[PDB]
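Numbers and lists here come from the model and the stated rules, or from a named source; no laboratory instrument gave them. FYI the Cβ positions are ideal-geometry reconstructions off the backbone, even for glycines, and counts take in every protein chain you see.
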Amino acid sequence: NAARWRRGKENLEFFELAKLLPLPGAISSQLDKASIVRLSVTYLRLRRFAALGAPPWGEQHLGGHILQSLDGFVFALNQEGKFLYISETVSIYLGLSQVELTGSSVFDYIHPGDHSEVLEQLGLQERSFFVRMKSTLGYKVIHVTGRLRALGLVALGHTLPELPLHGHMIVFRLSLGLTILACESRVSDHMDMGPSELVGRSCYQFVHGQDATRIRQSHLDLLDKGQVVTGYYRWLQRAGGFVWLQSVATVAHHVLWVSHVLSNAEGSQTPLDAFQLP
Amino acid sequence: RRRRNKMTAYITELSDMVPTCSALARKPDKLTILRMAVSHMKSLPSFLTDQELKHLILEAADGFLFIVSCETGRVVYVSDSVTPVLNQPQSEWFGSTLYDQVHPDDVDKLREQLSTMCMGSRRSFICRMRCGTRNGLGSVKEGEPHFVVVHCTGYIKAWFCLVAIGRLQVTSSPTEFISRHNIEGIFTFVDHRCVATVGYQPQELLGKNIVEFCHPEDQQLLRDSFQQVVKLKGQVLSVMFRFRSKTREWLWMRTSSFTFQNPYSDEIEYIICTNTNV
(Lines give C-alpha, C1' and ligand atoms only; values in the text may rest on other atoms or scores of the structure.)
Protein backbone atom coordinates (compact mmCIF):
# COMPACT_ATOMS: atom_id res chain seq x y z
CA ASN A 1 0.00 0.00 0.00
CA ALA A 2 3.04 2.21 0.62
CA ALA A 3 4.71 0.16 -2.11
CA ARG A 4 2.11 1.55 -4.51
CA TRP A 5 3.08 5.13 -3.69
CA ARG A 6 6.81 4.39 -3.84
CA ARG A 7 6.44 2.75 -7.27
CA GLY A 8 4.33 5.73 -8.35
CA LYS A 9 7.18 8.11 -7.56
CA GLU A 10 9.60 5.75 -9.35
CA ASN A 11 7.35 5.72 -12.44
CA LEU A 12 7.10 9.49 -12.51
CA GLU A 13 10.91 9.56 -12.40
CA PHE A 14 11.22 7.06 -15.30
CA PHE A 15 8.92 9.28 -17.34
CA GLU A 16 11.27 12.21 -16.64
CA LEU A 17 14.41 10.24 -17.46
CA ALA A 18 12.81 9.22 -20.77
CA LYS A 19 12.00 12.85 -21.63
CA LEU A 20 15.63 13.86 -21.12
CA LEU A 21 17.16 11.25 -23.44
CA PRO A 22 18.65 12.69 -26.67
CA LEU A 23 15.94 11.04 -28.78
CA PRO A 24 12.83 12.30 -30.57
CA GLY A 25 9.78 12.67 -28.36
CA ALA A 26 7.86 10.07 -30.35
CA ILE A 27 10.53 7.35 -29.82
CA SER A 28 11.62 7.93 -26.21
CA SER A 29 8.01 8.29 -25.12
CA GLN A 30 7.34 4.73 -26.32
CA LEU A 31 10.18 3.11 -24.31
CA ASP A 32 9.88 0.73 -21.37
CA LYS A 33 11.57 1.19 -17.98
CA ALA A 34 14.44 -1.25 -18.58
CA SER A 35 15.43 0.48 -21.84
CA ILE A 36 15.09 3.97 -20.39
CA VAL A 37 17.79 3.05 -17.90
CA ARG A 38 19.94 1.32 -20.54
CA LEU A 39 19.93 4.33 -22.86
CA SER A 40 20.53 6.67 -19.93
CA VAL A 41 23.58 4.70 -18.81
CA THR A 42 25.22 4.19 -22.18
CA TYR A 43 24.50 7.79 -23.11
CA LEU A 44 26.40 8.97 -20.03
CA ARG A 45 29.12 6.43 -20.95
CA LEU A 46 29.16 7.93 -24.46
CA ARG A 47 29.71 11.35 -22.96
CA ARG A 48 32.70 9.83 -21.10
CA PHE A 49 34.04 8.12 -24.22
CA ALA A 50 34.01 11.28 -26.32
CA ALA A 51 35.48 13.17 -23.40
CA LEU A 52 38.58 11.01 -23.83
CA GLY A 53 40.20 10.77 -27.26
CA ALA A 54 41.81 13.69 -29.12
CA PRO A 55 40.15 15.98 -29.59
CA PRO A 56 37.25 15.77 -27.20
CA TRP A 57 34.31 15.73 -29.59
CA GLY A 58 33.48 19.46 -29.85
CA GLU A 59 25.18 26.43 -40.75
CA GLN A 60 23.84 24.05 -38.07
CA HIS A 61 22.29 21.62 -40.59
CA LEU A 62 25.56 19.69 -40.48
CA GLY A 63 24.92 16.39 -38.71
CA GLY A 64 21.90 15.62 -40.86
CA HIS A 65 24.00 16.09 -43.99
CA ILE A 66 26.82 13.93 -42.61
CA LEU A 67 24.53 11.02 -41.75
CA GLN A 68 22.51 11.10 -44.92
CA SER A 69 25.72 11.66 -46.90
CA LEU A 70 27.34 8.37 -45.87
CA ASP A 71 26.48 5.21 -47.73
CA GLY A 72 26.64 3.36 -44.44
CA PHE A 73 26.28 3.69 -40.71
CA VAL A 74 28.59 5.06 -38.08
CA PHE A 75 29.29 3.45 -34.76
CA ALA A 76 31.47 3.38 -31.65
CA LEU A 77 32.21 0.35 -29.41
CA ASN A 78 33.82 0.41 -25.98
CA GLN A 79 36.61 -1.90 -24.78
CA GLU A 80 34.00 -4.56 -24.04
CA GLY A 81 32.21 -4.32 -27.39
CA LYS A 82 28.95 -2.71 -26.31
CA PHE A 83 27.64 -0.15 -28.73
CA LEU A 84 28.25 3.22 -27.20
CA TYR A 85 26.84 4.87 -30.35
CA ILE A 86 25.16 3.85 -33.57
CA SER A 87 23.60 6.20 -36.11
CA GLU A 88 19.86 5.85 -36.81
CA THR A 89 20.84 5.06 -40.41
CA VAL A 90 21.66 1.49 -39.40
CA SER A 91 17.93 0.99 -39.97
CA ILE A 92 18.45 1.85 -43.65
CA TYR A 93 20.85 -1.06 -44.25
CA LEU A 94 20.30 -3.69 -41.54
CA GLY A 95 16.82 -2.69 -40.39
CA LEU A 96 17.98 -2.77 -36.80
CA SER A 97 16.82 0.03 -34.57
CA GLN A 98 19.36 2.44 -33.17
CA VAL A 99 17.37 2.23 -29.94
CA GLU A 100 17.63 -1.57 -29.92
CA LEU A 101 21.40 -1.76 -30.52
CA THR A 102 22.61 1.11 -28.28
CA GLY A 103 24.06 -0.34 -25.13
CA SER A 104 24.12 -3.88 -26.50
CA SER A 105 27.08 -6.09 -27.27
CA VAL A 106 28.05 -6.03 -30.95
CA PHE A 107 28.41 -9.82 -30.86
CA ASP A 108 24.65 -10.18 -30.29
CA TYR A 109 24.41 -8.85 -33.89
CA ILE A 110 27.49 -10.43 -35.58
CA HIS A 111 27.11 -13.79 -37.26
CA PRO A 112 28.71 -16.32 -34.86
CA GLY A 113 31.87 -17.74 -36.27
CA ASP A 114 32.87 -14.29 -37.34
CA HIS A 115 32.96 -13.87 -33.55
CA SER A 116 36.52 -15.11 -33.24
CA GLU A 117 37.87 -12.72 -35.91
CA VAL A 118 35.89 -9.72 -34.57
CA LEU A 119 37.16 -10.52 -31.06
CA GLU A 120 40.63 -10.49 -32.59
CA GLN A 121 40.10 -7.06 -34.20
CA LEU A 122 39.08 -5.31 -31.02
CA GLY A 123 41.88 -6.91 -28.95
CA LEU A 124 39.89 -9.32 -26.79
CA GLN A 125 45.81 0.71 -34.94
CA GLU A 126 43.63 1.13 -38.03
CA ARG A 127 41.10 -1.68 -38.48
CA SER A 128 39.46 -2.97 -41.64
CA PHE A 129 37.54 -6.25 -41.80
CA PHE A 130 34.55 -7.95 -43.43
CA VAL A 131 31.86 -9.38 -41.13
CA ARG A 132 28.31 -10.69 -41.39
CA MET A 133 25.72 -8.69 -39.45
CA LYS A 134 22.09 -9.36 -38.72
CA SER A 135 19.84 -7.81 -41.35
CA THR A 136 16.08 -7.98 -41.42
CA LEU A 137 15.21 -6.95 -45.00
CA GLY A 138 19.49 -13.36 -43.40
CA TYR A 139 22.80 -11.60 -42.84
CA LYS A 140 24.57 -8.86 -44.70
CA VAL A 141 28.29 -8.60 -45.34
CA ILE A 142 29.43 -5.37 -43.68
CA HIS A 143 32.76 -3.76 -44.38
CA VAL A 144 33.97 -2.15 -41.16
CA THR A 145 36.75 0.47 -41.32
CA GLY A 146 37.93 2.36 -38.28
CA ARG A 147 40.36 2.83 -35.37
CA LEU A 148 41.06 1.03 -32.08
CA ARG A 149 42.53 3.58 -29.56
CA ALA A 150 44.69 0.99 -27.60
CA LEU A 151 40.07 0.02 -25.65
CA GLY A 152 37.15 0.80 -28.05
CA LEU A 153 36.60 0.98 -31.81
CA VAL A 154 35.30 3.97 -33.83
CA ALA A 155 34.27 3.03 -37.30
CA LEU A 156 32.10 3.07 -40.38
CA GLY A 157 29.99 0.14 -41.51
CA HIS A 158 29.18 -0.10 -45.19
CA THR A 159 26.92 -2.67 -46.75
CA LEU A 160 28.15 -4.53 -49.79
CA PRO A 161 27.92 -3.16 -52.43
CA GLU A 162 20.31 -3.46 -59.03
CA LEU A 163 23.73 -2.36 -60.41
CA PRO A 164 24.65 1.33 -61.20
CA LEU A 165 27.83 1.32 -63.28
CA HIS A 166 29.35 4.62 -64.35
CA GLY A 167 32.14 5.74 -66.70
CA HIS A 168 35.28 4.90 -64.75
CA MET A 169 34.41 1.37 -63.72
CA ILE A 170 34.61 -1.86 -65.71
CA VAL A 171 32.66 -5.00 -64.90
CA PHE A 172 34.32 -8.41 -65.07
CA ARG A 173 32.72 -11.82 -64.83
CA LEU A 174 35.27 -14.22 -63.30
CA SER A 175 35.29 -17.85 -62.23
CA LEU A 176 35.59 -18.69 -58.56
CA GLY A 177 39.35 -18.93 -59.22
CA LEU A 178 39.43 -15.42 -60.77
CA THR A 179 39.97 -16.43 -64.37
CA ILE A 180 38.36 -13.90 -66.68
CA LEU A 181 35.13 -15.18 -68.26
CA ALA A 182 33.68 -11.95 -69.68
CA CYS A 183 34.73 -8.32 -69.81
CA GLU A 184 32.96 -5.11 -70.83
CA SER A 185 34.21 -3.75 -74.14
CA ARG A 186 34.45 -0.45 -72.20
CA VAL A 187 37.69 -1.74 -70.58
CA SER A 188 39.55 -0.25 -73.56
CA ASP A 189 38.62 3.28 -72.43
CA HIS A 190 41.05 2.76 -69.50
CA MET A 191 43.39 -0.08 -70.54
CA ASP A 192 45.43 -1.43 -73.46
CA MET A 193 43.64 -4.78 -73.42
CA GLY A 194 40.29 -5.52 -75.00
CA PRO A 195 37.92 -8.28 -73.86
CA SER A 196 39.48 -10.39 -76.62
CA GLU A 197 42.96 -10.16 -75.00
CA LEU A 198 41.75 -10.71 -71.37
CA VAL A 199 39.27 -13.57 -71.38
CA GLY A 200 40.80 -16.94 -70.55
CA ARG A 201 43.62 -15.69 -68.30
CA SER A 202 43.64 -15.42 -64.48
CA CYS A 203 43.57 -12.08 -62.66
CA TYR A 204 46.61 -13.36 -60.78
CA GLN A 205 48.55 -12.90 -64.04
CA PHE A 206 47.58 -9.24 -64.20
CA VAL A 207 48.01 -8.28 -60.56
CA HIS A 208 51.37 -6.58 -60.06
CA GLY A 209 53.66 -8.86 -58.06
CA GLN A 210 53.60 -6.64 -55.00
CA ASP A 211 49.82 -6.92 -54.74
CA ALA A 212 49.39 -10.61 -55.52
CA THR A 213 49.42 -11.41 -51.79
CA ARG A 214 46.93 -8.70 -50.90
CA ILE A 215 44.62 -9.66 -53.78
CA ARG A 216 44.92 -13.27 -52.66
CA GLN A 217 43.82 -12.49 -49.13
CA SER A 218 40.89 -10.61 -50.66
CA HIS A 219 40.08 -13.66 -52.79
CA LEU A 220 40.04 -15.71 -49.57
CA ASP A 221 37.56 -13.37 -47.94
CA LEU A 222 35.53 -13.45 -51.17
CA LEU A 223 35.11 -17.22 -51.05
CA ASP A 224 34.60 -17.09 -47.25
CA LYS A 225 31.89 -14.43 -46.91
CA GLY A 226 30.61 -13.88 -50.47
CA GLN A 227 31.56 -10.22 -50.91
CA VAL A 228 34.90 -8.42 -50.75
CA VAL A 229 36.59 -5.10 -51.43
CA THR A 230 40.22 -5.02 -52.39
CA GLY A 231 42.70 -2.37 -51.52
CA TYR A 232 44.15 -0.10 -54.13
CA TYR A 233 46.14 -2.46 -56.37
CA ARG A 234 47.99 -2.23 -59.69
CA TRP A 235 46.80 -3.97 -62.88
CA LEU A 236 49.60 -4.48 -65.39
CA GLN A 237 49.07 -3.05 -68.89
CA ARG A 238 50.01 -4.67 -72.20
CA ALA A 239 52.90 -2.32 -73.00
CA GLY A 240 54.22 -1.84 -69.48
CA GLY A 241 53.17 -0.13 -66.31
CA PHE A 242 49.77 -0.60 -64.75
CA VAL A 243 46.54 1.17 -63.86
CA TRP A 244 45.37 1.40 -60.29
CA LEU A 245 42.07 -0.20 -59.43
CA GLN A 246 39.86 -0.82 -56.46
CA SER A 247 37.42 -3.66 -56.92
CA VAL A 248 34.16 -4.78 -55.31
CA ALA A 249 33.33 -8.45 -55.80
CA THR A 250 30.29 -10.62 -55.09
CA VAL A 251 29.47 -14.28 -55.83
CA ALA A 252 26.47 -15.44 -57.93
CA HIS A 253 28.92 -20.02 -58.32
CA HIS A 254 30.43 -17.22 -60.47
CA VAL A 255 32.19 -13.97 -59.46
CA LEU A 256 31.28 -10.36 -60.31
CA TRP A 257 34.31 -8.09 -60.23
CA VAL A 258 33.52 -4.38 -60.44
CA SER A 259 36.74 -2.42 -60.89
CA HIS A 260 36.78 1.32 -60.22
CA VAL A 261 39.56 2.78 -62.33
CA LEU A 262 41.62 4.97 -60.05
CA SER A 263 44.34 6.40 -62.33
CA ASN A 264 45.62 6.52 -65.86
CA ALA A 265 48.60 4.34 -66.78
CA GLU A 266 51.86 4.77 -64.78
CA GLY A 267 55.45 3.83 -65.68
CA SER A 268 54.34 2.40 -69.03
CA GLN A 269 57.89 2.35 -70.36
CA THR A 270 59.49 -0.34 -68.23
CA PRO A 271 57.92 -3.80 -68.61
CA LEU A 272 57.69 -6.02 -65.57
CA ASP A 273 56.02 -9.26 -66.53
CA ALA A 274 56.58 -11.80 -69.25
CA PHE A 275 53.28 -10.99 -70.97
CA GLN A 276 54.60 -7.44 -71.46
CA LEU A 277 57.17 -8.75 -74.02
CA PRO A 278 58.00 -8.45 -76.81
CA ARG B 1 12.59 -13.54 -12.09
CA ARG B 2 15.38 -12.71 -14.50
CA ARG B 3 13.82 -9.36 -15.48
CA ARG B 4 13.86 -7.70 -12.04
CA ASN B 5 17.38 -8.59 -10.91
CA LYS B 6 18.40 -7.38 -14.38
CA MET B 7 16.88 -3.96 -13.82
CA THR B 8 18.38 -3.61 -10.34
CA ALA B 9 21.64 -4.39 -12.12
CA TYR B 10 20.89 -1.48 -14.48
CA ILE B 11 19.93 0.89 -11.64
CA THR B 12 23.13 0.36 -9.63
CA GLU B 13 25.34 1.02 -12.64
CA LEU B 14 23.21 4.12 -13.19
CA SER B 15 24.20 5.10 -9.65
CA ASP B 16 27.83 4.67 -10.72
CA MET B 17 27.46 6.94 -13.78
CA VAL B 18 25.60 9.63 -11.75
CA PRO B 19 28.26 11.64 -9.86
CA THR B 20 26.17 13.07 -7.00
CA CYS B 21 25.00 9.47 -6.45
CA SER B 22 28.19 7.39 -6.71
CA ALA B 23 30.27 9.52 -4.34
CA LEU B 24 28.24 8.03 -1.50
CA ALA B 25 29.20 5.40 1.03
CA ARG B 26 25.77 3.71 0.88
CA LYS B 27 23.82 3.33 -2.36
CA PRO B 28 20.45 5.12 -1.94
CA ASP B 29 17.00 3.70 -2.79
CA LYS B 30 15.83 3.12 -6.36
CA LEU B 31 13.61 6.23 -6.19
CA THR B 32 16.56 8.40 -5.13
CA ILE B 33 18.89 6.94 -7.76
CA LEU B 34 16.25 7.81 -10.39
CA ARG B 35 15.70 11.30 -8.95
CA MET B 36 19.47 11.96 -8.94
CA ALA B 37 19.94 10.76 -12.51
CA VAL B 38 17.01 12.95 -13.66
CA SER B 39 18.52 16.11 -12.20
CA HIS B 40 22.03 15.18 -13.38
CA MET B 41 20.94 14.85 -16.97
CA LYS B 42 18.72 17.91 -16.58
CA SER B 43 22.01 19.77 -16.11
CA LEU B 44 23.04 18.79 -19.71
CA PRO B 45 20.61 14.45 -34.58
CA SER B 46 20.52 11.80 -31.85
CA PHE B 47 22.89 11.20 -28.89
CA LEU B 48 25.60 13.31 -30.53
CA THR B 49 25.80 17.03 -31.24
CA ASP B 50 26.65 18.17 -34.77
CA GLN B 51 30.12 19.06 -33.51
CA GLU B 52 30.55 15.70 -31.77
CA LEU B 53 29.38 13.92 -34.88
CA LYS B 54 31.82 15.87 -37.09
CA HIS B 55 34.72 14.88 -34.85
CA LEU B 56 33.57 11.25 -34.72
CA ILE B 57 33.49 10.95 -38.50
CA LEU B 58 36.97 12.47 -38.34
CA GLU B 59 38.26 9.86 -35.85
CA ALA B 60 36.53 6.97 -37.64
CA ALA B 61 37.59 7.40 -41.23
CA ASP B 62 39.11 10.86 -41.67
CA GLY B 63 35.98 12.32 -43.19
CA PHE B 64 35.00 15.91 -43.83
CA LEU B 65 31.74 17.34 -45.14
CA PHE B 66 31.80 19.54 -48.24
CA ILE B 67 29.23 20.99 -50.67
CA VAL B 68 29.98 21.87 -54.31
CA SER B 69 27.81 23.32 -57.09
CA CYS B 70 26.76 20.79 -59.67
CA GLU B 71 27.71 22.90 -62.68
CA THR B 72 30.55 25.24 -61.73
CA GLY B 73 32.14 23.03 -59.10
CA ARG B 74 32.40 25.88 -56.61
CA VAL B 75 33.07 24.76 -53.05
CA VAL B 76 30.08 26.37 -51.38
CA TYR B 77 30.64 24.66 -48.03
CA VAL B 78 33.58 22.87 -46.42
CA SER B 79 33.92 21.44 -42.91
CA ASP B 80 36.94 22.47 -40.88
CA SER B 81 37.69 18.77 -40.69
CA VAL B 82 39.19 19.39 -44.14
CA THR B 83 42.36 20.58 -42.42
CA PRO B 84 43.30 17.36 -40.56
CA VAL B 85 42.23 15.26 -43.59
CA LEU B 86 43.77 17.17 -46.49
CA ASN B 87 46.14 19.67 -44.82
CA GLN B 88 44.41 22.36 -46.70
CA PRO B 89 43.49 25.50 -44.78
CA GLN B 90 39.72 25.95 -44.78
CA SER B 91 39.99 29.27 -46.63
CA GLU B 92 42.02 27.73 -49.46
CA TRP B 93 39.27 25.18 -49.90
CA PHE B 94 36.24 27.42 -49.45
CA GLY B 95 35.31 29.17 -52.66
CA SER B 96 37.93 27.26 -54.63
CA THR B 97 36.89 24.81 -57.31
CA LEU B 98 36.67 21.12 -56.74
CA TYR B 99 38.14 20.61 -60.20
CA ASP B 100 41.23 22.61 -59.16
CA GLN B 101 41.64 20.47 -56.02
CA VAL B 102 41.56 17.02 -57.66
CA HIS B 103 44.33 15.35 -59.60
CA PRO B 104 44.62 16.41 -63.29
CA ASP B 105 43.74 12.93 -64.58
CA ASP B 106 40.73 12.50 -62.26
CA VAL B 107 38.83 15.56 -63.58
CA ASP B 108 36.75 13.79 -66.23
CA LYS B 109 35.22 11.48 -63.63
CA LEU B 110 34.62 14.33 -61.21
CA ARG B 111 32.79 16.05 -64.06
CA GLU B 112 30.63 13.03 -64.99
CA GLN B 113 29.23 13.16 -61.47
CA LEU B 114 27.60 16.48 -60.76
CA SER B 115 26.16 17.12 -64.25
CA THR B 116 22.73 17.24 -65.70
CA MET B 117 19.96 13.61 -61.38
CA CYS B 118 16.80 14.68 -59.44
CA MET B 119 16.75 15.94 -55.79
CA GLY B 120 18.02 13.58 -53.11
CA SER B 121 19.72 11.70 -55.95
CA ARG B 122 22.93 10.03 -54.81
CA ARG B 123 26.56 10.38 -55.87
CA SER B 124 29.57 8.27 -55.01
CA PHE B 125 33.01 8.41 -56.51
CA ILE B 126 36.69 7.88 -55.72
CA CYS B 127 39.10 10.61 -56.73
CA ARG B 128 42.52 11.88 -55.71
CA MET B 129 42.96 15.21 -53.91
CA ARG B 130 45.90 17.53 -53.43
CA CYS B 131 47.44 17.66 -49.95
CA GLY B 132 49.46 20.87 -49.54
CA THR B 133 50.75 22.37 -46.30
CA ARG B 134 50.15 12.25 -46.95
CA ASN B 135 49.91 10.43 -50.35
CA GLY B 136 48.33 6.98 -50.62
CA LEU B 137 48.45 5.38 -54.07
CA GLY B 138 51.84 3.80 -54.69
CA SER B 139 55.45 4.57 -53.80
CA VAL B 140 55.80 8.28 -53.05
CA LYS B 141 57.63 10.09 -55.85
CA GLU B 142 60.56 12.47 -55.34
CA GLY B 143 59.68 16.05 -54.44
CA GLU B 144 56.29 15.74 -56.25
CA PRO B 145 52.92 16.66 -54.74
CA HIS B 146 50.98 14.24 -52.60
CA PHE B 147 47.52 13.12 -53.60
CA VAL B 148 45.36 11.09 -51.22
CA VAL B 149 42.64 8.82 -52.53
CA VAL B 150 39.35 10.29 -51.27
CA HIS B 151 36.03 8.43 -51.13
CA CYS B 152 33.11 10.81 -51.82
CA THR B 153 29.52 9.91 -51.01
CA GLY B 154 26.66 12.40 -51.12
CA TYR B 155 23.27 13.54 -52.39
CA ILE B 156 21.93 16.31 -54.69
CA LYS B 157 20.17 19.19 -52.91
CA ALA B 158 19.46 22.58 -54.56
CA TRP B 159 20.72 26.09 -53.51
CA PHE B 160 21.59 22.52 -57.53
CA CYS B 161 24.59 21.25 -55.61
CA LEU B 162 26.28 18.14 -54.20
CA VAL B 163 26.34 17.49 -50.43
CA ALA B 164 29.15 15.02 -49.74
CA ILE B 165 31.53 13.38 -47.32
CA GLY B 166 35.07 12.90 -48.50
CA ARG B 167 36.68 10.24 -46.35
CA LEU B 168 40.04 8.47 -46.48
CA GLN B 169 40.27 4.70 -46.82
CA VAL B 170 43.85 4.41 -45.70
CA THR B 171 43.91 0.66 -45.04
CA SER B 172 44.25 0.01 -48.78
CA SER B 173 47.37 1.82 -49.93
CA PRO B 174 50.53 -0.19 -49.49
CA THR B 175 66.44 -2.54 -50.24
CA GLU B 176 64.56 -5.51 -51.73
CA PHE B 177 62.38 -6.43 -54.71
CA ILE B 178 59.57 -8.96 -55.42
CA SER B 179 59.76 -11.35 -58.37
CA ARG B 180 57.77 -14.22 -59.77
CA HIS B 181 58.98 -17.45 -61.34
CA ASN B 182 57.56 -20.54 -62.85
CA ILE B 183 58.31 -23.78 -61.01
CA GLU B 184 61.50 -24.14 -63.04
CA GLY B 185 62.95 -20.93 -61.58
CA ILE B 186 62.26 -18.62 -64.58
CA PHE B 187 61.79 -14.93 -63.87
CA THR B 188 58.27 -14.04 -65.15
CA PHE B 189 57.93 -10.73 -63.29
CA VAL B 190 60.36 -8.30 -61.73
CA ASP B 191 59.34 -5.30 -59.72
CA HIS B 192 61.29 -2.16 -60.68
CA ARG B 193 63.18 -1.94 -57.35
CA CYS B 194 65.57 -4.48 -58.88
CA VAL B 195 67.36 -1.64 -60.72
CA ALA B 196 68.31 -0.13 -57.39
CA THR B 197 68.96 -3.52 -55.78
CA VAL B 198 71.13 -5.40 -58.27
CA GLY B 199 71.53 -2.72 -60.96
CA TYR B 200 69.62 -4.59 -63.69
CA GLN B 201 66.46 -3.55 -65.50
CA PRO B 202 63.46 -5.89 -65.16
CA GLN B 203 63.56 -7.11 -68.74
CA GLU B 204 67.27 -7.91 -68.39
CA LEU B 205 66.14 -10.62 -65.87
CA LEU B 206 62.81 -11.62 -67.36
CA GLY B 207 62.85 -14.90 -69.25
CA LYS B 208 66.14 -16.03 -67.67
CA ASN B 209 66.47 -18.41 -64.71
CA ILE B 210 67.46 -17.12 -61.30
CA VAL B 211 70.23 -19.71 -60.90
CA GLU B 212 72.01 -18.09 -63.88
CA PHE B 213 72.63 -15.02 -61.70
CA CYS B 214 73.80 -17.23 -58.87
CA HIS B 215 77.42 -17.76 -57.83
CA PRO B 216 78.52 -21.27 -58.97
CA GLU B 217 79.29 -22.48 -55.43
CA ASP B 218 75.72 -21.58 -54.46
CA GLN B 219 73.74 -22.83 -57.44
CA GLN B 220 73.12 -26.33 -56.09
CA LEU B 221 71.62 -24.88 -52.93
CA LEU B 222 69.36 -22.56 -54.93
CA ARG B 223 68.17 -25.33 -57.26
CA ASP B 224 67.43 -27.41 -54.19
CA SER B 225 65.54 -24.67 -52.41
CA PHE B 226 63.36 -23.99 -55.46
CA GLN B 227 62.39 -27.65 -55.86
CA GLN B 228 61.71 -27.45 -52.12
CA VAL B 229 59.37 -24.45 -52.14
CA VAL B 230 57.46 -26.38 -54.76
CA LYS B 231 57.07 -29.31 -52.41
CA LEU B 232 56.32 -27.05 -49.38
CA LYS B 233 52.96 -25.82 -50.74
CA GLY B 234 52.04 -22.50 -49.23
CA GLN B 235 54.86 -22.31 -46.71
CA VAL B 236 57.82 -19.91 -47.07
CA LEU B 237 61.41 -21.06 -47.51
CA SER B 238 64.36 -18.70 -47.47
CA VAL B 239 67.98 -19.14 -48.61
CA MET B 240 71.03 -16.92 -48.84
CA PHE B 241 73.14 -17.02 -51.98
CA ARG B 242 75.40 -14.78 -54.01
CA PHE B 243 73.88 -12.73 -56.82
CA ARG B 244 75.93 -11.24 -59.66
CA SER B 245 74.92 -7.59 -59.98
CA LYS B 246 75.27 -5.62 -63.20
CA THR B 247 78.42 -4.05 -61.75
CA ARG B 248 79.67 -7.66 -61.75
CA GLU B 249 80.14 -7.60 -57.98
CA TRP B 250 78.68 -10.48 -55.98
CA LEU B 251 76.03 -9.37 -53.48
CA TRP B 252 74.93 -11.57 -50.60
CA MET B 253 71.21 -11.97 -50.99
CA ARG B 254 68.57 -13.52 -48.73
CA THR B 255 65.57 -14.52 -50.81
CA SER B 256 62.48 -15.84 -49.08
CA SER B 257 59.99 -17.40 -51.44
CA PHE B 258 56.90 -19.58 -51.49
CA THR B 259 54.50 -21.13 -53.91
CA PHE B 260 51.45 -18.93 -54.63
CA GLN B 261 48.37 -21.16 -54.47
CA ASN B 262 45.05 -20.12 -55.95
CA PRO B 263 42.64 -19.96 -52.98
CA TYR B 264 39.93 -21.74 -55.01
CA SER B 265 41.39 -24.26 -57.49
CA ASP B 266 44.60 -24.61 -55.41
CA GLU B 267 46.71 -24.71 -58.59
CA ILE B 268 50.13 -23.03 -58.55
CA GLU B 269 49.95 -19.61 -60.14
CA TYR B 270 53.71 -19.03 -59.77
CA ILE B 271 56.46 -18.64 -57.12
CA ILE B 272 56.71 -15.29 -55.27
CA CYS B 273 60.29 -14.41 -54.25
CA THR B 274 61.23 -11.46 -52.04
CA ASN B 275 64.92 -10.94 -52.82
CA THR B 276 66.84 -8.84 -50.29
CA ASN B 277 70.35 -7.53 -49.86
CA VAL B 278 72.13 -8.48 -46.66
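Against the test of being surrounded by 14 or more Cβ atoms within 10 Å (Cβ to Cβ), hydrophobic (A, V, I, L, M, F, W, C), touching a helix residue (DSSP H, G or I) at 6+ places or on another chain (Cβ under 7 Å) and more than 13 Å from B:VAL150 (Cα to Cα), the options B:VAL102, B:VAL76, B:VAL107 yield a single qualifying residue, B:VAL107.
So which strands (runs of 3 or more DSSP E) are wholly in region A:133-195 and hold at least 1 residues that are closer than 30 Å to A:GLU120 by Cα?
Result: A:139-147, A:154-159.
Looking at B:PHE187, B:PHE226, B:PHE177, just one residue is at the interface with chain A (Cβ under 10 Å from one of its Cβ atoms) and either touching an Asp or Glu at 6+ places or on another chain (Cβ under 9 Å) or basic (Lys, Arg) (or both), and that residue is B:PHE177.
Among the conditions (1) surrounded by 20 or more Cβ atoms within 10 Å (Cβ to Cβ); (2) at negative phi; (3) more than 7 Å from chain B (Cβ to nearest Cβ), A:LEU70 misses just one, which is (3).
Scanning region B:78-137 for residues that are more than 14 Å from every other protein chain (Cβ to nearest Cβ) and either among the charged types (D, E, K, R) or within 23 Å of A:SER247 (Cβ to Cβ) (or both) yields a total of 3.
Considering region B:15-39, the residues that are within 18 Å of A:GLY103 (Cβ to Cβ) and either touching a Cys at 6+ places or on another chain (Cβ under 8 Å) or outside any helix (DSSP H, G or I) (or both) include one that is nearest to the other protein chains (Cβ to nearest Cβ), namely B:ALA37.
Screening the candidates A:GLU80, A:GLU88, A:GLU10, A:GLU59 for the property of being assigned to a helix (DSSP H, G or I) and among the charged types (D, E, K, R) yields one hit, A:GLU10.
Here A:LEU222 passes the criteria (1) assigned to a loop (DSSP other than H, G, I, E, B); (2) over 20 Å from A:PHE275 (Cβ atoms) except the one numbered (1).
A Cβ distance below 6 Å, combined with a sequence gap of six or more or placement on separate chains, defines the contacts here; from region A:165-180, residues that are more than 10 Å from chain B (Cβ to nearest Cβ) reach residues that are part of a loop (DSSP other than H, G, I, E, B) and among the aliphatic types (A, V, I, L, M) in the pairs A:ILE180/A:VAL199. Among the residues making up region B:93-141, those that are hydrophobic (A, V, I, L, M, F, W, C) and part of a helix (DSSP H, G or I) are B:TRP93, B:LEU98, B:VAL107, B:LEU110. When you look at B:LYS54, is it buried (at least 21 other Cβ atoms within 10 Å of the Cβ), among the basic types (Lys, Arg) and either part of a helix (DSSP H, G or I) or over 31 Å from the mean Cα position of the chain (by Cα) (or both), yes or no? Considered against the rule, which asks whether it is buried (at least 21 other Cβ atoms within 10 Å of the Cβ), among the basic types (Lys, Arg) and either part of a helix (DSSP H, G or I) or over 31 Å from the mean Cα position of the chain (by Cα) (or both), B:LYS54 comes out as yes. Residues of region B:162-174 that are within 7 Å of another protein chain (Cβ to nearest Cβ), touching a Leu at 6+ places or on another chain (Cβ under 8 Å) and either within 13 Å of B:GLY136 (Cα to Cα) or of a type outside the set (A, V, I, L, M) (or both): B:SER173 alone.
The single condition among (1) facing another protein chain (nearest Cβ under 7 Å); (2) more than 24 Å from B:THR171 (Cβ to Cβ) that A:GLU100 does not meet is (1).
Of all residues in region A:235-246, those satisfying the criterion of being in contact with a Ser or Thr (Cβ under 9 Å, 6 or more places away or on another chain) and not in a loop (DSSP other than H, G, I, E, B) are A:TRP235, A:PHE242, A:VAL243, A:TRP244, A:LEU245, A:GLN246. Among the residues in region B:144-167, are any assigned by CATH to the domain that holds B:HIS55, loosely packed, with under 13 Cβ neighbours inside 10 Å and among the hydroxyl-bearing types (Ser, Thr, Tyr)? So far as region B:144-167 goes, no, none of its residues is assigned by CATH to the domain that holds B:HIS55, loosely packed, with under 13 Cβ neighbours inside 10 Å and among the hydroxyl-bearing types (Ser, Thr, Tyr).
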